[PDB]
Each structure stands twice: as C-alpha cells, then as structure tokens.
C-alpha cells in the first residue's frame, strides 16, 4: 500500500527523516514511525493547495513543528524552520509530505519528493 512508499521510497532514501502520504481530505494513508500529522494540520495543507493565502503570512504546523511558507502553488508547498524544512507535493489523489533536517540538503530532499510525486501521477495517483 502507501506504507511501502513512505518506508522505501521516502524515508528509506535517507533524503527525508520523516514522511507521510495523505489523501485530499488531509487524513493519513501512511506515516513514518512516530510521525503524526493531525487531520486538522492535514486538512489545512490540503486546502492551501487551492487557497494558499491563509498559509503565507503565518506559515503552517505539521506534527508539532511550525514552518514558514517559502513557496506555495497548485503542485508543491515548501516551508522551513532554520535549517529544517518540508516539501509537500500534491498528486492526482494524494499529498506527499517529506520532512528533512539540518543534515540534509534541501535540494536533495526536493529531488526525491517531487520525483516520486511525478512517478505516482504517472501511475494515475
């Protein structure tokens, strides 16, 4: 199911320390050990993909960590907190959340998230 993508293709690459797969309702379909995106944080992110405005001035929360919004559009939402950050990408039916920390190059983490997203969109997800 989606848990393979979280364990192998996302956290397994060592490019992200935490990750989850959400449906468009903001609910979790698969999450890494201990990573918990509350449905409310999930729904807040899911809507941001339509109306980013509410997320731009005050950022957004994800599992107890608050991030400032760097860029947000119809496909991806990037945020950060010092040297940590998260790449969130929307596919046709899900939302990929990939968190990284100060030991990971943000560019390396965007490469993995944006491309897995491209791969699932290609499979029709």
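Numbering follows the first chain given and starts at 1.
On average, which has the higher Cα B-factor in the deposited entry, 76-84 or 55-63?
-> It is 55-63 that shows the higher mean C-alpha B-factor.
Using the B-factors recorded in the PDB entry, average over the C-alpha atoms of 99-107 and of 21-29, then report which stretch comes out higher.
-> Stretch with the greater average CA B-factor: 99-107.
Hey, out of 45, 89, 36, 68, whose CA B-factor is highest in the deposited coordinates?
-> Result of the comparison over 45, 89, 36, 68: 45.
Hey, what third does residue 119 fall into on Cα B-factor, ranked over its chain?
-> Middle third, going by the recorded CA B-factors of the chain.
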